[PDB]
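In structure tokens, one chain follows: the form deposited in one PDB entry.
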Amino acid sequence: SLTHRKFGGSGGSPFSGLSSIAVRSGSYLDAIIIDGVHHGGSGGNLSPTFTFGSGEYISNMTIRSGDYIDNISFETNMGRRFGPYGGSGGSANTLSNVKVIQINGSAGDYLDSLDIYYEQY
């Protein structure tokens, strides 16, 4: 079962383990960089890093994909936008009104796949 459980008290301010995203991109996503850790090849161009503020999370995302990840864009609950980055290949899929919790995937020379964990609202 996918779930989650909270341990501890009621104080403090929320934080997320997913703190920043950048990509290398061209016609595809050559790489995704999650909390600074690089996944994929050295092709394409490196995007600026998007760093989530306090209480900020990805709320909407559009991913184009086929055999690889062709393109990513997202918007946060604070209305900030990342991308689009990549090309116009693949087919588009959108997450709307979510809170992204984690981003896993698979990669080689390019970013082959993404496994996005999220809450759907």
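Rigid core here is just the name for the largest C-alpha set that superposes within 1.5 Å across the two forms. Only residues modelled in both forms are compared. Don't overthink the numbering: it's just position in the shown sequence, from 1.
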{"query": "Residue range whose averaged C-alpha B-factor is higher in the record, 7-15 or 105-113", "finding": "7-15"}
{"query": "87-95 set against 68-76, stretch whose average Cα temperature factor tops the other in the entry", "finding": "87-95"}
{"query": "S42 by Cα B-factor - lowest, middle or highest third of the modelled chain", "finding": "highest"}
{"query": "Chain-relative CA temperature factor third for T62", "finding": "middle"}
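In what follows, reference is made to the form deposited in another entry, a form of this protein that is not presented.
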| item | value |
| --- | --- |
| Did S20 shift 2 Å or more between this form and the one not shown, C-alpha, core superposed | no |
| Inter-Cα distance between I103 and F15 in that other deposited form, nearer or further [3 Å or more] | closer |
| Closer or farther: C-alpha pair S19/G11 in that other deposited form, relative to this form, given a change of 3 Å or more | farther |
| Mobile segments between this form and the one not shown - rigid core superposition, Cα shift of 2 Å or more, 3+ residues | 1-17 |
